[PDB]
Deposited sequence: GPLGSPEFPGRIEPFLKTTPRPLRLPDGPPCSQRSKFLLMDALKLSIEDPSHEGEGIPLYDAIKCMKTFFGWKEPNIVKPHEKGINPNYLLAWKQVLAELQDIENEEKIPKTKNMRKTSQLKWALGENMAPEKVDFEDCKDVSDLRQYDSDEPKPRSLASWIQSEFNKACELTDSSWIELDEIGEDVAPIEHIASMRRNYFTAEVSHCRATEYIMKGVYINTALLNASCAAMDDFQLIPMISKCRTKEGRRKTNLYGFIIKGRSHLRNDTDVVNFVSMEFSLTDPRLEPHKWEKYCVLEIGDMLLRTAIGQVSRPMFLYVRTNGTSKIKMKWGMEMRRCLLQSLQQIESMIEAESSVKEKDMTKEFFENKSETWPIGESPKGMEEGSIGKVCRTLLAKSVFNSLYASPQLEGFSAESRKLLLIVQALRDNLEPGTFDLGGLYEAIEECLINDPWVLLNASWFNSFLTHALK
């Protein structure tokens, strides 16, 4: 119990380097939906609600890719979309012409059928990036309430708690992220099993219910599936993503390192001051998943449970102490007595409502930014967290190689934007905990 081991915990040290860049599968805060009230049929109906399509042009090139290939891929997309327009029976998904641009982007010249003695390349520093403000903005927006509902009230005693939480989260942007991920991962999987040898065009779609109750169908952009041959569950299918955004890539080019960004149209918006014209961009990039990653993505709903459970137990940490059940007290008014943020004014608190959403966002970003860096940090930072809590209450944790623990943690801090955030977060926690 003899406590005397101090403000020994120091801040974690984060990498120097170029700023970290976006690496989620789809866009997050920068996403743009075209919406209305068979995916391809709905895709076209959604695109028809836009009347600013123009000649696509590159505005932010991919420093490592063949950019005209990106431009051509989009043009090909439009072209093939025209072919489908009208007709009579519009297909699901649709197979695309195996053109030069698509072969290239979908890594088809890396196809084993091609090469020589060079077929003997056997080699055996993953490059540090600094934290950037963008990932925190990302998370902020993730905790926000939306003007739409993304989930039914269930899964289409303490069951009362389920309801309270669901009431507080169904309109959360994090929840949209969940559903966006379920739909397009499911979609990508089917296409991957039902084609294998086809370059499929997959609309990125989600559904929601407005405030006024109308059912809405959203189009985020397109994904083109590459060759998907192999039953290896960890084997990867290459795809290229094509996502609509109002976000100018040039404000934070660093965020978009993996992207070619086209300008694909201009949009006329209603505004506090009238009609304003804003460029519409297409964010393009190559990528890949596996049956396993698609499976995990199809199950992001788990974030709701995990998120909930924490909020649940968090009530026991008060209900057993106050003798009476406290779900109603909390959810019906006050106890905005949990810290959840910093501001210019400093420390800041929020109610179980905000908390519900914040924990949802956290669970969701864990899933969106899943990485070995993250597995490590979590496991290891939990320990430092335990220790920091003890010392905070004047408790001796014991003879423990703390510096050893720091090594473990800081070696997970290389370049992942999400992990770097959590590190920065801990530092802030660390400053308040041992003021």
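> What gaps appear when the modelled C-alpha atoms are mapped onto the deposited sequence?
1-11, 49-56, 144-151, 184-192 are the stretches of the deposited chain that have no C-alpha coordinates in the structure.
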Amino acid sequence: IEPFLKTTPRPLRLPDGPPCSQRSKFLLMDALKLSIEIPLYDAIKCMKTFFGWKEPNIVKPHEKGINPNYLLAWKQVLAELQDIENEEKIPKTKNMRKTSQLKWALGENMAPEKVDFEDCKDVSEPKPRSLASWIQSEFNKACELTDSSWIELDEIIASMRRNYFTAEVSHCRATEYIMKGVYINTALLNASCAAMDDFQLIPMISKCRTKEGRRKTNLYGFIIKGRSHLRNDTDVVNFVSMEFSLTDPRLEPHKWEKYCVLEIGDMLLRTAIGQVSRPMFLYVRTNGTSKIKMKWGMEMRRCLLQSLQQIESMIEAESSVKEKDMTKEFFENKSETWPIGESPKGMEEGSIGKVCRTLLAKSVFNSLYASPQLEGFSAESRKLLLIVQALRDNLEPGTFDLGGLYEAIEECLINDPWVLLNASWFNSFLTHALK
From here on, numbers count along this sequence of modelled residues.
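> Quick one: say whether 172-180 or 310-318 has the higher mean Cα B-factor in the deposited entry.
That would be 310-318.
> If you average the Cα B factors in the entry, which is higher, 365-373 or 391-399?
According to the entry, 391-399 carries the higher average C-alpha B-factor.
> Looking at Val240, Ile84, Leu251, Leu145, which has the highest CA B-factor as recorded?
Spelled out: the listed residue with the top C-alpha B-factor is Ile84.
> Just grab whichever of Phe222, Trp134, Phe165, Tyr259 has the top CA B-factor as deposited.
Each of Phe222, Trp134, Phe165, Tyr259 was compared by C-alpha B-factor; the highest is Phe165.
> Considering only modelled residues of the same chain, in which third does the CA B-factor of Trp150 rank: lowest, middle or highest?
Middle third by C-alpha B-factor.
> Which third, lowest, middle or highest, does the CA B-factor of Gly213 fall in along this chain?
Top third by C-alpha B-factor.
> Name the third of the chain's ranked CA B-factors that contains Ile38, choosing lowest, middle or highest.
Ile38: CA B-factor falls in the highest third of its chain.
> Mind checking which third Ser100 falls in for C-alpha B-factor across the chain?
Answer is middle: the recorded C-alpha B-factor places it there.
> Can you tell me whether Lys141 has a C-alpha B-factor in the lowest, middle or highest third compared with the other modelled residues of the same chain?
Answer is lowest: the recorded C-alpha B-factor places it there.
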